[PDB]
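Peer 1: Sharing a structure with you now.
A short reminder: the numbers here are calculations on the coordinates, not readings from a lab. Cβ: placed from backbone, ideal geometry, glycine included. Neighbour counts: every protein chain shown.
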Amino acid sequence: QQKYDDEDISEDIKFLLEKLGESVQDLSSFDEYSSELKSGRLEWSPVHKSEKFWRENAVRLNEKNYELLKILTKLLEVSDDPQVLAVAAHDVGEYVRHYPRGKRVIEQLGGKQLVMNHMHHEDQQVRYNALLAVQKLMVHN
Amino acid sequence: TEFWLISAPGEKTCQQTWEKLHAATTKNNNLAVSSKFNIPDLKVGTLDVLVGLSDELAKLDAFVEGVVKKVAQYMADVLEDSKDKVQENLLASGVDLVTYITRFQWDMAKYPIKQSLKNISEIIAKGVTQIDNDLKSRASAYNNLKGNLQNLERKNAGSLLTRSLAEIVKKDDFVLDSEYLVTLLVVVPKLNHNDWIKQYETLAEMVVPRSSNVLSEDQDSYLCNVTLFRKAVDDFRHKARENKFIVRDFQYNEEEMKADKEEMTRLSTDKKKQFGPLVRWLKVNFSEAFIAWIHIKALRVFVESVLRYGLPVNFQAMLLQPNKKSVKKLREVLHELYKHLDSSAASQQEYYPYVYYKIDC
Amino acid sequence: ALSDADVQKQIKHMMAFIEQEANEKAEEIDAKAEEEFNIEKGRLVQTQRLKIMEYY
Amino acid sequence: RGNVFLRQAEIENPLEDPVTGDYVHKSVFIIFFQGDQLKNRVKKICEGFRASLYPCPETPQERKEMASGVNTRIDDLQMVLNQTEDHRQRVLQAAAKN
């Protein structure tokens, strides 16, 4: 945004924008992300918020009979750490935004009531992310 | 020619008298013309579809009325023996139109009622299309003859400058086998006729002396011609257009002049021979379309009656040719005699307790 | 503009007309029956005629 | 030819109207025809002038049973709304303090 008469500084800035952008694109993936899902410790890999992740490869989250959604449902039922719950609930919301049949499937899972019960977790942030998931399910409901 | 067609559910046999004249249910104390209607019996088949069938029947009836009014309009525009002002009392099949609705007959030979009313209406629609194309084609032919005749008339009308010169200028009025001499038909008004007869030779270079001849005249000017040199025609025009003179370049021949009068006369004669059968066709077409129009109206009336009255096929219907302005009193009286049909309530609008349609000119 | 009784009257009229439509559809089904049977009778007769003629 | 049975009821203690917000008492006057084109025309005039024709009533009471399940779902939705209005009041206070 600022302008400099030294082409060295501007050139280094542009080079960094470029390389760091390539790295950001490298972070975009679904196999590494799903291994991170399976590991049981949901690190905040930046793909959780990527719009390209929720449009170009949202259908990837529907693995064999919604395999990975079921894995995340199990890890939601078992673990109640704030950040795993946040990651899984947010990712489920971003997926179920685009798939109404995915919404009905998630309702069939029973995980909707599991989130409705996560609404009473001791930390209010967890209650709020469950709230956000519910208002992602409220559409036409 | 107003006619009110009214029907009722008809729960009592003796109401046939009400259809004809009966005093206790008469119209305007036996002063309004009341007649019993020819009610035919037809097959309904289905009540569900009949909603759409009646809707399309109404639209088609509007179309057929359009056809009848168009054909009547052209018959009036025949401008001979038939007009909206004179001879408006035409004949439906040899008897007058009002006499035919008062004599309203009905048949199934030409339209077997055992067939569904949809097919009957489509058949009459096909006949309607045929008669429409017939009228349009024959009227296009009549309009061709008429336009050409009238344009020929207007071509013939005028003065020598602006009219055909078949009968006026002849071969004796033109130089024969001229080597270098053109005889211009220099029409010159009376305002400048003597100027021309005393300047004819000096009006162009190399003009034949004493070639001052006079041929004919007209309402605006006196035709005359002078003989001069071929290249001197342009000089003559230059020196003569400003003198109020004018040149009438015309070529004379025997059949070149007679053929146009022959064509106009033949056009009139064959146009005559063809308005004959044309008007016979117009009469039969109008009678056919008129009877078919009232026929489909009777079909629509029976349809709507069956919708509004119930399962059995018994009802009443009856013509009216109402008395002058008494139809309002009749509106109130028939309101009294038909409100109890519904027995409960009855703006009315076209939502009457009776099934009504109108017939007119 | 109808009472309870008159509403029942026309409802029974729709019912009787449903019965008339039942008669009509039954007539159509009977017509299909008659023609279809004549068709199958002729078809089987002719086919078996061909077979027996061949063997004979 | 209105000739079908009337199912009528009066609803009092209304709620705010969908399209005007009016807290106006209601009353249903129900007449149904089995004609299909008639049903279409009735739907046209009823929707155009005034009507609310969402449901599909039918003989199976299983529809009513699933509707009871829907009414329990509906209860859960109102407690969702209650939480959210509490939260928005509190966050608005928090922002207003500074």
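Peer 1: Taking region B:211-232 as the search range and keeping residues that are hydrophobic (A, V, I, L, M, F, W, C) and buried (at least 16 other Cβ atoms within 10 Å of the Cβ), which one is nearest to the chain's Cα centre (by Cα)?
Peer 2: Step one: list which residues in region B:211-232 are hydrophobic (A, V, I, L, M, F, W, C), which gives B:214-215, B:223-224, B:226, B:228-229, B:232.
Filter again for buried (at least 16 other Cβ atoms within 10 Å of the Cβ), leaving B:215, B:223-224, B:226, B:228-229, B:232.
Details: B:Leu215: 46, B:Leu223: 44, B:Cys224: 47, B:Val226: 52, B:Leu228: 56, B:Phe229: 57, B:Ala232: 56 Å.
Per the stated criteria, the residue is B:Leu223.
Peer 1: Hey, another quick one. Hey, could you check region D:52-76 for residues that are within 15 Å of the chain's Cα centre (by Cα) and among the hydrophobic types (A, V, I, L, M, F, W, C) and say which is surrounded by the fewest Cβ atoms within 10 Å (Cβ to Cβ)?
Peer 2: Looking at residues that are within 15 Å of the chain's Cα centre (by Cα) and among the hydrophobic types (A, V, I, L, M, F, W, C), I get D:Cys56.
Peer 1: Could you please find all residues in region B:286-307 being within 33 Å of the chain's Cα centre (by Cα) and acidic (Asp, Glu)?
Peer 2: Once the filter is applied, which keeps residues that are within 33 Å of the chain's Cα centre (by Cα) and acidic (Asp, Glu), region B:286-307 yields only B:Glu288.
Peer 1: Going through region B:80-118 one residue at a time, which ones are surrounded by 12 or more Cβ atoms within 10 Å (Cβ to Cβ), over 30 Å from B:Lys272 (Cβ atoms) and small (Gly, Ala, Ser)?
Peer 2: The one that is surrounded by 12 or more Cβ atoms within 10 Å (Cβ to Cβ), over 30 Å from B:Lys272 (Cβ atoms) and small (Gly, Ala, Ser): B:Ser116.
Peer 1: Just need a number here: residues in region B:311-340 that are closer than 13 Å to B:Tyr356 by Cβ and within 14 Å of chain C (Cβ to nearest Cβ).
Peer 2: Qualifying residue count for the region: 2.
Peer 1: With touching a helix residue (DSSP H, G or I) at 6+ places or on another chain (Cβ under 7 Å) and closer than 30 Å to B:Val64 by Cα as the only criterion, which of B:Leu282, B:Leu267 stands out?
Peer 2: On the way: B:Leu267 fails: closer than 30 Å to B:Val64 by Cα.
Just one listed residue meets the conditions, B:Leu282.
Peer 1: Has region B:152-171 got any residue that is out of contact with any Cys (no Cβ under 7 Å at 6 or more places or on another chain) and over 27 Å from B:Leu223 (Cβ atoms)?
Peer 2: Of all residues in region B:152-171, those out of contact with any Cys (no Cβ under 7 Å at 6 or more places or on another chain) come to B:152-171.
Narrowing the set further to residues that are over 27 Å from B:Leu223 (Cβ atoms) leaves none.
No: region B:152-171 contains no residue that is out of contact with any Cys (no Cβ under 7 Å at 6 or more places or on another chain) and over 27 Å from B:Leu223 (Cβ atoms).
Peer 1: Restricting the search to region A:122-139, which residues are in contact with a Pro (Cβ under 9 Å, 6 or more places away or on another chain) and either within 12 Å of chain D (Cβ to nearest Cβ) or closer than 18 Å to A:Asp91 by Cβ (or both)?
Peer 2: From region A:122-139, those in contact with a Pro (Cβ under 9 Å, 6 or more places away or on another chain) are A:123, A:125-126, A:129, A:139; that's our starting set.
Scanning region A:122-139 gives A:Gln125, A:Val126, A:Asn129, A:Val139.
Peer 1: Of all residues in region D:10-43, count the ones that are assigned to a strand (DSSP E or B) and in contact with a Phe, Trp or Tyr (Cβ under 9 Å, 6 or more places away or on another chain).
Peer 2: 2
Peer 1: Would you check which residues across region A:130-141 are in contact with a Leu (Cβ under 9 Å, 6 or more places away or on another chain) and not in a helix (DSSP H, G or I) and list them?
Peer 2: A:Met138, A:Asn141 - these are the residues of region A:130-141 that are in contact with a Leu (Cβ under 9 Å, 6 or more places away or on another chain) and not in a helix (DSSP H, G or I).
Peer 1: Within region B:241-251, does at least one residue satisfy the condition of being in contact with a strand residue (DSSP E or B) (Cβ under 9 Å, 6 or more places away or on another chain) and assigned to a helix (DSSP H, G or I)? So that I can check it myself, show each step before the final result.
Peer 2: Kept after step one, since they are in contact with a strand residue (DSSP E or B) (Cβ under 9 Å, 6 or more places away or on another chain), are these residues of region B:241-251: B:241, B:243-249.
When the remaining residues are screened for being assigned to a helix (DSSP H, G or I), the result is B:241, B:243.
Among the residues of region B:241-251, at least one is in contact with a strand residue (DSSP E or B) (Cβ under 9 Å, 6 or more places away or on another chain) and assigned to a helix (DSSP H, G or I), which makes the answer yes.
Peer 1: Scan region D:20-47 and report the pairs whose first residue is within 14 Å of chain B (Cβ to nearest Cβ) and whose second residue is aliphatic (A, V, I, L, M), with Cβ atoms within less than 8 Å and a gap of 6+ or a chain change.
Peer 2: Filtered contacts from region D:20-47: D:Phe33/D:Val4; D:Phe33/D:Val42; D:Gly35/B:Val51; D:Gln37/B:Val51; D:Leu38/B:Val51.
Peer 1: On to the next question. Within the group B:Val169, B:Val182, B:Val98, which residue is in contact with a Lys or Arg (Cβ under 6 Å, 6 or more places away or on another chain) and not aromatic (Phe, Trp, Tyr)?
Peer 2: Details: B:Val169 fails: in contact with a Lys or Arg (Cβ under 6 Å, 6 or more places away or on another chain); B:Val98 fails: in contact with a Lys or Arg (Cβ under 6 Å, 6 or more places away or on another chain).
Going through B:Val169, B:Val182, B:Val98 in turn, the sole match is B:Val182.
Peer 1: Among the residues that make up region B:46-53, is at least one of them away from chain D (no Cβ under 14 Å) and either surrounded by fewer than 17 Cβ atoms within 10 Å (Cβ to Cβ) or not in a helix (DSSP H, G or I) (or both)?
Peer 2: Kept after step one, since they are away from chain D (no Cβ under 14 Å), are these residues of region B:46-53: none.
Looking for residues that are away from chain D (no Cβ under 14 Å) and either surrounded by fewer than 17 Cβ atoms within 10 Å (Cβ to Cβ) or not in a helix (DSSP H, G or I) (or both), one finds none in region B:46-53, hence no.
Peer 1: Within 14 Å of another protein chain (Cβ to nearest Cβ) and either part of a helix (DSSP H, G or I) or within 25 Å of the chain's Cα centre (by Cα) (or both): does that describe B:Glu80? Steps first, answer last, please.
Peer 2: Numbers: within 14 Å of another protein chain (Cβ to nearest Cβ): no; either part of a helix (DSSP H, G or I) or within 25 Å of the chain's Cα centre (by Cα) (or both): yes.
Answer is no for this residue.
Peer 1: Working carefully through the options C:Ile52, C:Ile18, find the one that is within 12 Å of another protein chain (Cβ to nearest Cβ), part of a helix (DSSP H, G or I) and of a type in the set (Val, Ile, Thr).
Peer 2: Numbers: C:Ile52 fails: within 12 Å of another protein chain (Cβ to nearest Cβ).
Answer to the check: C:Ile18.
Peer 1: Continuing with this model, one more query. Looking at region D:50-62, can you tell me whether even one residue there is more than 12 Å from every other protein chain (Cβ to nearest Cβ) and in a helix (DSSP H, G or I)? So that I can check it myself, show each step before the final result.
Peer 2: Of the residues in region D:50-62, the ones more than 12 Å from every other protein chain (Cβ to nearest Cβ) are D:50-62.
Then drop every residue that is not in a helix (DSSP H, G or I), which leaves D:62.
Scanning region D:50-62 turns up at least one residue that is more than 12 Å from every other protein chain (Cβ to nearest Cβ) and in a helix (DSSP H, G or I).
Peer 1: Name the residues in region B:137-166 that are closer than 30 Å to B:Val67 by Cα, touching a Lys or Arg at 6+ places or on another chain (Cβ under 9 Å) and among the charged types (D, E, K, R), would you?
Peer 2: Selection gives B:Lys146 alone.
Peer 1: Moving on to the next point. Looking only at region B:15-28, how many residues end up being within 41 Å of the chain's Cα centre (by Cα) and part of a loop (DSSP other than H, G, I, E, B)?
Peer 2: Summing the residues that are within 41 Å of the chain's Cα centre (by Cα) and part of a loop (DSSP other than H, G, I, E, B) in region B:15-28 gives 4.
Peer 1: State all residues of region D:4-51 that are touching a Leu at 6+ places or on another chain (Cβ under 7 Å), surrounded by 12 or more Cβ atoms within 10 Å (Cβ to Cβ) and not basic (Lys, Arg); if no residue qualifies, say none. Working first, answer last.
Peer 2: Narrowing region D:4-51 to residues touching a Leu at 6+ places or on another chain (Cβ under 7 Å): D:23, D:29-31, D:43, D:46-47.
Imposing the further condition that a residue be surrounded by 12 or more Cβ atoms within 10 Å (Cβ to Cβ) reduces the set to D:31, D:43, D:46.
Listed by number, the residues that qualify are D:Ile31, D:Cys46.
Peer 1: Of the residues D:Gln93, D:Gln83, which single one is of a type in the set (S, T, N, Q), assigned to a helix (DSSP H, G or I) and away from every other protein chain (no Cβ under 14 Å)?
Peer 2: On the way: D:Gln83 fails: away from every other protein chain (no Cβ under 14 Å).
Selected residue: D:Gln93, the only one of D:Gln93, D:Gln83 that is of a type in the set (S, T, N, Q), assigned to a helix (DSSP H, G or I) and away from every other protein chain (no Cβ under 14 Å).
Peer 1: Tell me, yes or no, whether region C:21-30 has at least one residue that is within 14 Å of chain D (Cβ to nearest Cβ), within 21 Å of B:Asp48 (Cα to Cα) and in a helix (DSSP H, G or I). Can you show your working first?
Peer 2: To start, the set of residues in region C:21-30 that are within 14 Å of chain D (Cβ to nearest Cβ) comprises C:21.
Cutting the leftovers down to within 21 Å of B:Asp48 (Cα to Cα) gives us C:21.
Then keep just the ones that are in a helix (DSSP H, G or I); that gives C:21.
Looking through region C:21-30, at least one residue is within 14 Å of chain D (Cβ to nearest Cβ), within 21 Å of B:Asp48 (Cα to Cα) and in a helix (DSSP H, G or I).
Peer 1: Next question, about the same structure. Taking the residues in region B:308-361 that are in a loop (DSSP other than H, G, I, E, B) and hydrophobic (A, V, I, L, M, F, W, C) as candidates, determine which candidate is nearest to the chain's Cα centre (by Cα). Give the derivation first.
Peer 2: At the first step, the residues of region B:308-361 found to be in a loop (DSSP other than H, G, I, E, B) are B:310-315, B:322-326, B:343-354, B:360-361.
If we keep only those that are hydrophobic (A, V, I, L, M, F, W, C) too, we end up with B:311, B:313, B:315, B:345-346, B:361.
Numbers: B:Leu311: 45, B:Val313: 41, B:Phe315: 40, B:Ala345: 48, B:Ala346: 44, B:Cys361: 15 Å.
Top of the filtered list is B:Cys361.
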